[PDB]
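Everything below concerns the one structure shown next.
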Amino acid sequence: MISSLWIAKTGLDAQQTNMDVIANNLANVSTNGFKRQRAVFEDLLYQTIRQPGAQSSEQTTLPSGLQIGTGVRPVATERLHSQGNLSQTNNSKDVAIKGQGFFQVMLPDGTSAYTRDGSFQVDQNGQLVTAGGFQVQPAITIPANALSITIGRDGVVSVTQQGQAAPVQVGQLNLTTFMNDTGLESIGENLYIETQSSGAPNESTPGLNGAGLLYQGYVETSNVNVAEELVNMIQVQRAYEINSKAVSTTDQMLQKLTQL
Amino acid sequence: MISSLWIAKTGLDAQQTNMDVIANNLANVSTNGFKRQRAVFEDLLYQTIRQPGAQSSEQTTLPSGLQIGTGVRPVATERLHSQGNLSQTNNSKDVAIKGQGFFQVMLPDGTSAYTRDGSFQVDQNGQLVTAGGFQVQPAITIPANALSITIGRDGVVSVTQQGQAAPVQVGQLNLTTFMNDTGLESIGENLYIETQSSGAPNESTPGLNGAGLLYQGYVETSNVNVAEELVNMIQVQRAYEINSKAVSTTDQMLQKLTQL
Amino acid sequence: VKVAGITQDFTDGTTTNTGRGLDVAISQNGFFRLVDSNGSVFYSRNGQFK
Amino acid sequence: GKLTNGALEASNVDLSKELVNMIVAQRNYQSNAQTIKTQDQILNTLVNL
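Protein chains in written order, with PDB author numbering: chain A, 1 to 260; chain B, 1 to 260; chain C, 52 to 101; chain D, 354 to 402.
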């Protein structure tokens with residue numbers, strides 16, 4: 001109903017968004033292949049009133065006119081794509097990426113999502129699947145009579161059968177890379193789908209023109225840093241409290257006026 | 001006396017009911033075979049004003065009319081019938097349930113009640129009774145000169161006598177299962193009675209059909225998770241304060257009305 | 052966050068001599084097959100038999 | 354696999370890894386409790402307006 005109230009009602013909402021981002025980052029501190037978020041803000045409208053640079057006289061200009069501004073709005077929350085620390089949890093079905101590529105996974109509806117999570121399982125039919133049961137691509141089947149699974153640095157999946165001194169190649173794991181990794185649309189379950197801001201999916205082999213390397217027995221942890229999130233909570237809490245104090249001051253000002 | 005005041009009054013009552021549910025869950029942490037309660041709410045009636053979808057002109061309909069709603073009401077309190085942690089008390093008379101069955105006991109009224117509590121005693125008559133003295137159908141009499149009681153996983157109760165190389169079976173503990181477990185009416189003293197929404201009591205041996213198994217020397221602790229209750233208490237307190245603030249705002253508006 | 056699942060590290064553990072003839076240890080893959088009193092089929096790696 | 358007679362397959366739980374995981378899990382739980390406490394001190398501040 002008054003200008004300062006709207007401005008401080010935008011400040012509250014922006015700080016609440018910042019707290020939401022911080023809390024979501026802290027909640028997923030242990031999920032493998034996670035990329036933490038960062039919210040960015042920008043200034044709202046700026047009411048012109050007296051125009052800055054307006055010609056007051058015929059020879060004197062008015063410097064920096066009465067530019068009363070509106071509150072703040074957040075542009076977006078961008079994913080900080082950095083390499084999480086690798087952990088040696090020593091299982092043949094866990095693979096970790098060393099560069100900037102993504103695994104391709106086929107969704108049940110026929111479309112393809114992209115995930116950096118390397119915790120793979122084997123279904124009842126012998127196909128490699130994501131822990132959520134989504135089958136990986138371009139399909140790597142694993143026989144029932146398998147003794148050991150070896151996934152090399154180039155993505156070649158080999159299976160050694162019983163009593164045979166030579167391994168059997170059962171597929172080739174490829175990595176998808178994008179022009180813009182941030183523009184991908186996250187659909188949950190550690191899955192990202194392609195968006196027009198992420199360019200087009202460029203499939204590549206692990207070690208060539210820019211796909212990362214795969215390490216077997218390793219899991220890529222999250223890049224969330226706990227101490228920085230704690231400090232950011234302390235600063236967001238203070239900013240939210242101060243903006244609420246601005247709301248309260250506006251409320252008190254409106255009280256006296258009405259009482260008059 | 002004004003609509004918003006009634007809505008806020010209903011909200012306060014619902015939050016108070018939630019707090020009572022939380023307090024009841026907290027008070028029964030040490031009870032054996034206790035299933036925690038959870039309250040479910042529904043939104044109340046709607047004052048129609050303009051009907052949503054009413055034909056305004058001859059061809060254009062009115063989308064999403066003025067549906068001013070009333071407060072909230074709690075529908076139900078549902079138990080979480082989940083297997084609690086088993087605790088070893090190393091007692092020959094304490095029994096614990098592994099599945100989803102119930103013990104059948106006889107109230108002195110003459111009707112049958114159902115309890116999941118397994119801390120059993122023997123009365124001066126030698127029968128098996130519950131700690132509240134209710135006699136445990138379909139009825140197990142323990143002889144005078146007993147040396148040890150062995151209750152098997154399938155419910156066979158045996159007593160080893162002095163001078164006899166073989167155990168003597170003195171009964172068979174049975175379990176009753178319901179098609180709807182949450183529909184039972186709790187009468188207190190760890191007893192549930194059958195209603196018409198709780199289906200019909202299906203008696204079976206522990207192992208056959210779907211009834212669970214009996215473990216001797218174990219007691220079933222309550223399934224109450226405490227940290228969840230503390231977080232729920234914080235949420236309930238804050239929501240109650242918010243509803244109280246709404247009541248205060250309505251009171252202030254009414255006060256500024258009166259003087260006019 | 053959502054818990055996707057809970058797995059079990061099916062790697063071969065320690066083999067410890069016991070001196071009893073009725074304990075069997077399964078190196079590499081394999082599961083002992085059991086039947087309960089109901090008739091259901093179960094599988095177990097514990098070789099402590101009696 | 355082959356059967357070895359007279360031996361038992363012990364568990365595969367390494368205690369050191371379990372202890373360090375317990376420590377890190379405790380710290381993560383405390384951090385989540387801390388952000389829970391912050392959200393409230395924010396809700397309480399908004400209420401006290």
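Think of the CB as a built atom: it goes at the ideal place given N, C-alpha and C, for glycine as much as any other residue.
Next item on the list: Return helix, strand or coil for A:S204, following the three-state DSSP convention.
Entry: strand
Notebook entry, point to check: Which bits of chain A does C:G56 rub up against, with CB to CB less than 7 Å?
Noted result: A131
Next item on the list: Could you round the C-beta distance between A:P63 and A:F41 to whole angstroms and report it? I think they count as a contact, below 8 Å.
Entry: In fact, because the Cβ distance is near 28 Å, the residues do not count as touching under 8 Å.
Next item on the list: Can you tell me which of the three DSSP states A:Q104 falls into?
Entry: strand
Item checked: Collapsed DSSP secondary structure at A:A39 in the structure displayed -> strand
Margin query: Between A:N18 and chain C, is the shortest Cβ-Cβ distance under 7 Å, so that the two count as touching?
Written below: no
Checklist line | Where D:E362 sits in the DSSP three-state scheme | finding: strand
Note to self: At the level of alpha carbons, what is the spacing between A:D20 and A:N232?
What the structure shows: 12 Å
Item checked: Short Cβ contact (7 Å threshold) for B:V29 with B:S186 -> no
Item checked: Coarse secondary structure for A:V224, derived from DSSP in three states -> coil
Notebook entry, point to check: Quick one: Cα of A:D154 to Cα of A:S204, how far?
Noted result: 10 Å
Margin query: Between the alpha carbons of A:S82 and A:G99, how many angstroms are there, rounded?
Written below: 9 Å
Margin query: Does chain D have any CB closer than 7 Å to the CB of C:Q59?
Written below: no
Next item on the list: State yes or no: is the C-beta of B:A96 within less than 7 Å of the C-beta of B:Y215?
Entry: yes
Next item on the list: Identify the continuous beta strand (DSSP E) that holds B:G11 and give its terminal residues.
Entry: Looking at the DSSP string, B:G11 is not in any beta strand (DSSP E); the run it does join, the alpha helix (DSSP H), is 3-27.
Note to self: C:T66 and D:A378 - do their beta-carbons sit closer together than 7 Å?
What the structure shows: no
Note to self: Under 7 Å, Cβ to Cβ, is there at least one residue of chain C near A:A27?
What the structure shows: yes
Item checked: Proximal residues of chain B, C-beta to C-beta of D:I389 below 9 Å -> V231, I234
Check: How about C:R84: is its C-beta nearer than 7 Å to some C-beta of chain D?
Finding: no
Item checked: Cα-Cα separation, residue 311 of chain B to C:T58 -> This structure leaves residue 311 of chain B out entirely; chain B is present only between 1 and 260.
Margin query: Taking only three categories from DSSP, how would you classify A:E58?
Written below: coil
Next item on the list: Name, going along the chain, the residues of the stretch 372-399 of chain D whose beta-carbon falls closer than 9 Å to a beta-carbon of chain A.
Entry: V377, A378, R380, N381, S384, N385, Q387, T388, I389, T391, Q392, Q394, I395, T398, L399
Check: DSSP on B:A239, reduced to helix/strand/coil?
Finding: helix
Notebook entry, point to check: Should C:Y94 be labelled buried (16 or more other beta-carbon atoms within 10 Å of its own) or exposed?
Noted result: exposed
Check: Got a sec, what are the start and stop residues for the beta strand (DSSP E) D:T398 sits in?
Finding: Segment 368-400 is the alpha helix (DSSP H) holding D:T398; no beta strand (DSSP E) there.
Checklist line | Collapsed DSSP secondary structure at A:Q164 in the structure displayed | finding: coil
Item checked: Cα-Cα separation, B:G133 to B:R38 -> 30 Å
Checklist line | Continuous beta strand (DSSP E) assignments of at least 3 residues falling wholly in the stretch 88-136 of chain A | finding: 95-97, 102-106, 112-115, 120-122, 128-130
Check: Per DSSP, what kind of secondary structure is residue 282 of chain A in: helix, strand or coil?
Finding: Nothing about residue 282 of chain A can be read from this structure; chain A reaches only from 1 to 260.
Next item on the list: Measuring alpha carbon to alpha carbon, tell me which of B:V168, B:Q135, B:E58, B:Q137 ends up nearest B:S148.
Entry: B:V168
Note to self: DSSP has A:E185 in a bridge; who is on the other side?
What the structure shows: A:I193
Check: If we cut at 7 Å on Cβ distances, does D:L402 have a partner in chain A?
Finding: yes
Next item on the list: Following the continuous beta strand (DSSP E) through B:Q216, name the residue where it begins and the one where it ends.
Entry: 214-216
Check: Can you list, in chain order, the residues of its chain whose CB lies under 8 Å from that of residue 261 of chain A, leaving out five sequence neighbours each side?
Finding: Because chain A here runs from 1 to 260, residue 261 of chain A falls outside it and cannot be looked at.
Checklist line | Backbone CA spacing between D:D367 and C:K101 [nearest angstrom] | finding: 29 Å
Next item on the list: Along the beta strand (DSSP E) that carries C:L85, what are the first and last residues, could you check?
Entry: 83-86
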